[PDB]
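Visitor:
Residue numbers (this note's numbering), protein chains in the order written: chain S, 4 to 227; chain Z, 4 to 227; chain D, -10 to 202; chain L, -10 to 202.
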């Protein structure tokens, strides 16, 4: 019994990229034109792309022309679909289907299909950060040496810039490399050490700029 | 001038799959043996896979044999890396690299590299559901026909099964297809309609089983 | 560039019936037309190709006819296994186009939904999230609309839903919609309502609750 | 299956120095050896191939020697742009093996970190997630260990670290560790602490606070 199995589905942010593969069992793809098809939420099927034998011809649905690429590997029997600049309406179940029949001809129907892999494109291509204060500890040393900062959490994508007091405060500042959380959103911290004697006289505000979402936040960091 | 760019990086759960591709600019890959390399968090590089010209030979690092496949597409100048059964130690920056020199010899170094794409494998390959009561309405119809249920939230992967009162209650039960939340976790609800004059008389407990994470949860649904 | 128009979108029938699904092409495609069967969550299955040729193993109750621009799929003696979606397809050497698809279901009388709303559980609220659920129970036919209103402001982009398959015993459908908000947003508002539109109602039904009560 | 061993793993030097990275192969590989430079976040750059051949464009201060099992990369007159990681590589027709890498940094005196702890803000806490931040300020060398303890129980799997690059003025490093817990989890415990180990500290430094003050 002929079988096809897709790999690579998942969640993608709008604008993102995702690549699918297709593997087979109990036949060789070399003699077959291979195809990608998707079922959209409304229930209808949409032809996405086709690649002929020998890769002589590659054809694409108008909706994906220029954004998707199909490739084949006759030696190990794989088919690939590259999806770039993904759009919400690309959300669908993607199937890899073989063009074929009992005796091959120049134009056969899709006689074998994979079970399908789910591809979901979220509408948000960007997300603005939440900003939380890193308050200086009340138990600082009398005379100087206090640390404070800002926590920049749950944004996407990189990068964000951080300045302190609109650039007036630069000495002692450290803005750490962002880290990617299991949620798929980035987070980082920016801290600065200042004289303990200055809390209460100098106001400290971190300026966070997330250009990809054109979002800006100013956060006043005060004791306690 | 010579450039490569990788696509497909993302966050994947242990045991999952992810497919990467590599494109080039200002040269053709046809004459080049193409390679995949990764930089692990410790900072060192690991050779991952190689595919020779004409696809004659494909070689893999022992750590990935059986799980990874490399393919090449000379006509459109793409290289692919399929990653299956992924493990935490596959977490790394993946680079696509060509063997090349000013004059090609039988053994040239990696003379051109892509910028890299970040692949992160989170350690948990499953996650058990949180179960919450769907408590029926205090102002239900007097005489019969009340509705209650369970919300099975934030699990992965599919499926869960739901029974009511260890199976004695089957009439009026509806367990809905799960939805995939923007978080990449699933959620579903199961409801049953029962006589409004059984609230406080008959006890109702939904039994959730999540075989993939060996999690079982019984939850009593009471009025309020 | 060939648009395939399939008709009807939904075909309600009974076991044993002979039914006809029509497929029309915006221009002549000779007999380059195929029919597929697909069940929910399953892969398409090829039934008929070259407009009228049955695949080996496909029962004889399936037949196809037509050429040029008008094609017909007939199922003579509907069985339970046949309730499913059917797809027509123009296939060319290196491309294809599909019709919108036709869902074949068991016919019964119209039935209005029973509607229920469930506030977030206190336990869930404690963890920072608020899921509100609206239940449309045992309605027919399948087309229904759910509208969430929060203090009479229409919601969008923050709810998901799923629908059950036609019930084995009464052939009805049910629908569950979940509105999800953060604990912060949930407590900014008081009245949560889900408004249901369905051919069985003389006008839309609303079920609501006030937070806290 | 040749094992490649670099030495040292971290090489501390000053501007203008002449330094030597060694690469040893577990069996003879003739001169099939290449050296690569890599800066954080950037692609590896080919410097030398065939053990001693300089790639066009690579400054003449880079030089490679060796054969069989022992190889050296020498940088004569180290410049600021040369502070980076260097990788040796055995390359064969259809496979390769890399050393573990050598990080070249600016030498300076040992410097203990300054350690600071930050409870979660109330605003974040309310939303259902608790991020606790431990700051290690201006230390050298780069190796430091950070352990979170919640009511004396060692934590695993729920924290992430980020380290800065060497500071342009004092050549130190800084590190941030964030422990993330749900509101519900966070409120089940009282004492939160971060224990820092470093070559410059006489013994570990523990910073702690009690939830709620």
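C-beta atoms are modelled at their ideal positions from N, C-alpha and C, and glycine is treated no differently.
Give the residues from the region 108 to 141 of chain S that approach chain D closer than 9 Å (Cβ to any Cβ), ordered along the chain.
Guide: If the cut-off is 9 Å between Cβ atoms, the region 108 to 141 of chain S has 109, 110, 111, 112, 113, 114, 115, 116, 117, 118, 119 and 126 near chain D.
Visitor: Going by DSSP, what residues sit across from residue 39 of chain Z in a beta bridge?
Guide: In the DSSP output, where bridge partners are listed per residue, residue 39 of chain Z has Z:52 and Z:99.
Visitor: So which of Z:167, Z:79, Z:185 and Z:182 has the shortest CA-CA distance to residue 197 of chain Z?
Guide: Of the candidates Z:167, Z:79, Z:185 and Z:182, the one whose C-alpha sits nearest the C-alpha of residue 197 of chain Z is Z:167.
Visitor: Report back the beta-carbon spacing between residue 90 of chain D and residue 21 of chain S to the nearest angstrom; my notes put them in contact at under 8 Å.
Guide: Going by Cβ atoms, the distance from residue 90 of chain D to residue 21 of chain S rounds to 25 Å, so no, they are not a contact pair.
Visitor: Does residue 21 of chain Z come within less than 9 Å of chain L when only Cβ atoms are used?
Guide: No - not a single Cβ of chain L is within 9 Å of the one on residue 21 of chain Z.
Visitor: Looking at the C-beta of residue 38 of chain S, does it have a partner C-beta in chain D at a distance below 9 Å?
Guide: Yes, its Cβ sits closer than 9 Å to a Cβ of chain D.
Visitor: Out of S:10, S:133 and S:56, state which residue places its alpha-carbon closest to the alpha-carbon of residue 159 of chain S.
Guide: That would be S:133, whose Cα lies nearest to the Cα of residue 159 of chain S.
Visitor: Would you kindly work out how many angstroms separate the C-alpha atoms of residue 118 of chain L and residue 171 of chain D, rounded to a whole number?
Guide: Cα-Cα distance, rounded: 12 Å.
Visitor: Could you list which residues in chain L have their beta carbon closer than 7 Å to that of residue 171 of chain D, in chain order?
Guide: Residues of chain L passing the Cβ test: 116.
Visitor: Tell me whether the region -1 to 18 of chain D and the region 79 to 99 of chain D touch, counting them as touching only if at least three CB pairs, one residue from each stretch, are closer than 8 Å.
Guide: Yes, the region -1 to 18 of chain D touches the region 79 to 99 of chain D.
Visitor: Would you grab the beta carbon distance between residue 84 of chain L and residue 65 of chain Z for me? Rounded to a whole angstrom, and I think it's under 8 Å.
Guide: Between residue 65 of chain Z and residue 84 of chain L the Cβ distance is about 11 Å, and since that is not below 8 Å, they are no contact.
Visitor: How long is the line joining the alpha carbons of residue 29 of chain L and residue 32 of chain D, rounded to whole angstroms?
Guide: Their Cα atoms are separated by approximately 46 Å.
Visitor: On the criterion of 16 or more Cβ atoms from any shown chain inside 10 Å, does residue 178 of chain L qualify as buried, or is it exposed?
Guide: With fewer than 16 Cβ atoms within 10 Å of its Cβ, residue 178 of chain L is classed as exposed.
Visitor: To which residues does DSSP link residue 257 of chain L through a beta bridge?
Guide: Limits of chain L in this structure are -10 at one end and 202 at the other, which puts residue 257 of chain L out of reach.
Visitor: For residue 74 of chain L, return the contacting residues in chain Z, with the cut-off set at a CB-CB distance below 8 Å.
Guide: Ordered by position in chain Z, the residues that pass the 8 Å Cβ test against residue 74 of chain L are 46.
Visitor: Compute the Euclidean distance between the alpha carbons of residue 215 of chain S and residue 7 of chain Z, then round it to the nearest angstrom.
Guide: Answer to the nearest angstrom: the Cα atoms are 24 Å apart.
Visitor: Evaluate residue 91 of chain S with the Cβ neighbour count: other Cβ atoms within 10 Å of its Cβ, from every protein chain shown; 16 or more gives buried, anything less gives exposed.
Guide: Exposed is the call here.
Visitor: Roughly how many whole angstroms lie between the Cα atoms of residue 24 of chain Z and residue 83 of chain Z?
Guide: Computed Cα separation, rounded: 4 Å.
Visitor: Strictly below 9 Å CB to CB, what residues from chain S border residue 51 of chain D?
Guide: Within 9 Å Cβ-Cβ: nothing; residue 51 of chain D doesn't reach chain S, min ~14 Å.
Visitor: Which partner residues of residue 78 of chain D appear in the DSSP bridge assignment?
Guide: Note: residue 78 of chain D sits in a beta bridge opposite D:23 and D:87.
Visitor: Taking 9 Å as the threshold (beta carbon to beta carbon), is residue 134 of chain L in contact with chain Z?
Guide: For residue 134 of chain L, the answer is no, since every Cβ of chain Z falls outside 9 Å of its Cβ.
Visitor: By how many angstroms is the C-alpha of residue 152 of chain D removed from the C-alpha of residue 107 of chain D?
Guide: Their Cα atoms are separated by approximately 17 Å.
Visitor: Give me, in chain order, the residues of the same chain whose beta-carbon lies closer than 7 Å to that of residue 56 of chain L; leave out the 5 immediate sequence neighbours on both sides.
Guide: 19, 20 and 40, listed in sequence order.
Visitor: How is residue 122 of chain S classed by DSSP in three states: helix, strand or coil?
Guide: Correct three-state label for residue 122 of chain S: strand.
Visitor: So which residues of chain S does residue -3 of chain D contact, with C-beta pairs closer than 7 Å?
Guide: Within chain S, no residue comes near residue -3 of chain D; the closest Cβ sits about 13 Å away, beyond 7 Å.
Visitor: What are the boundary residues of the beta strand (DSSP E) that residue 188 of chain D is part of?
Guide: Neither: residue 188 of chain D is in no beta strand (DSSP E) and is coded neither H nor E.
Visitor: Taking residue 60 of chain Z as the query, report the chain L residues whose CB atoms sit under 9 Å from its CB, ordered along the chain.
Guide: Going along chain L in sequence order, the residues near residue 60 of chain Z (Cβ under 9 Å) are 82 and 83.
Visitor: Should residue 164 of chain S be labelled buried (16 or more other beta-carbon atoms within 10 Å of its own) or exposed?
Guide: Residue 164 of chain S comes out exposed.
Visitor: What residues of chain L sit near residue 156 of chain S, judged by a beta carbon separation below 8 Å?
Guide: Ordered by position in chain L, the residues that pass the 8 Å Cβ test against residue 156 of chain S are 113 and 120.
Visitor: As a quick exercise: from D:174, D:72 and D:78, pick the residue whose alpha carbon is nearest that of residue 61 of chain D.
Guide: Of D:174, D:72 and D:78, the residue nearest in Cα terms is D:78.
Visitor: State the start and end residues of the unbroken beta strand (DSSP E) segment that holds residue 174 of chain D.
Guide: Taken as a continuous stretch (DSSP letters only), residue 174 of chain D belongs to no beta strand (DSSP E), being part of the alpha helix (DSSP H) at 172 to 177.
Visitor: Should residue 173 of chain L go down as buried or exposed, given a rule of 16 or more other Cβ atoms within 10 Å for buried?
Guide: By the neighbour-count rule (16 or more Cβ atoms within 10 Å), residue 173 of chain L is not buried but exposed.
Visitor: Are residue 53 of chain S and residue 88 of chain S touching if we call contact CB-CB under 9 Å?
Guide: Result no, Cβ atoms of residue 53 of chain S and residue 88 of chain S do not sit closer than 9 Å.
Visitor: Contact criterion: CB-CB distance below 9 Å. Does residue 166 of chain S meet it with respect to chain L?
Guide: Judged by the 9 Å Cβ criterion, residue 166 of chain S is not in contact with chain L.
Visitor: What does residue 60 of chain L pair with, by DSSP beta-bridge criteria?
Guide: DSSP output for residue 60 of chain L lists L:12 and L:55 as bridge partner(s).
Visitor: How many whole angstroms separate the CB atoms of residue 122 of chain L and residue 167 of chain L, which I take to be in contact at a CB cut-off of 8 Å?
Guide: With a Cβ gap of about 5 Å, residue 122 of chain L and residue 167 of chain L count as contacting.
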